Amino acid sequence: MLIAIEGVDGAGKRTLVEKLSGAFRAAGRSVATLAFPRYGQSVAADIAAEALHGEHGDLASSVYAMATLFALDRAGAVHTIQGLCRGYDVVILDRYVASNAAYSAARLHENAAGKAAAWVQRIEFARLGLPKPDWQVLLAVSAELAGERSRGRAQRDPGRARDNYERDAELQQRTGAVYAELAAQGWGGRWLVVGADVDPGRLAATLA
């Protein structure tokens, strides 16, 4: 089973991944986890991150360039994903293809039925052959609360300064709204929308 955890910056995704993996393991399932972008493991992922911190000239000003780098990062992990799905009961992703649709649409002021989300579908699922997830879980959080979490993280960690997307409050709000539409539409596969108070034991039961 392939599960993707989605949502805006500072939504609590990495914590939900650890809680969910604990819940599956408590129920006897083997769990593997992977997080995109794969910082350190691909040049595409690292250049993208650096571009969001102000490097690499005009790269980050192109919406489709940034999307392409994240897609190329995932394309480098296809055989890895397919291998994990063979070896493990549950594979849990911290961000996946839907992050590219939500952020790209939001940067362009488009909705979930617009051009960017359709491009992401065409490139990543069809052309690059990335598997569609069995479940995509939207961790829906107020944009204000998520933004406070990102700010807090940068304050206490010098290696977690906010990037260009995190600093853009209105982008984060628009991205939350596109994500809600993608879930309602069942984009890429079925979605669950959960809040910050979701129970990990029940959540894993729904997904099992």
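Numbers follow the displayed sequence, beginning with 1. C-alpha atoms forming the largest set that superposes within 1.5 Å between two forms make up the rigid core.
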Which is farther from the shown form in 8 other deposited structures of this protein in C-alpha RMS with the core fitted, 5-13 or 18-26? 5-13
Higher-deviation segment by CA RMS in 8 other deposited structures of this protein, core fitted, 177-185 or 50-58: 50-58
Entries skipping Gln155: at least a third of other ones: yes
Looking at the deposited entry, does 7-15 or 192-200 carry the larger mean Cα B-factor? 192-200
Using only the Cα atoms and their B-factors as the entry lists them, report which of 170-178 and 155-163 averages higher. 155-163
Considering only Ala49, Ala67, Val141, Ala35, which residue's Cα atom bears the greatest B-factor as recorded? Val141
From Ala183, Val31, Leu59, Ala45, residue of greatest CA B-factor: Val31
Lowest, middle or highest third: which one holds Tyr88 when the chain's residues are ordered by CA B-factor from the entry? highest
Taking the C-alpha B-factors as the PDB entry records them, is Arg107 in the lowest, middle or highest third of its chain? lowest
Third of chain Cα B-factors occupied by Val78: highest
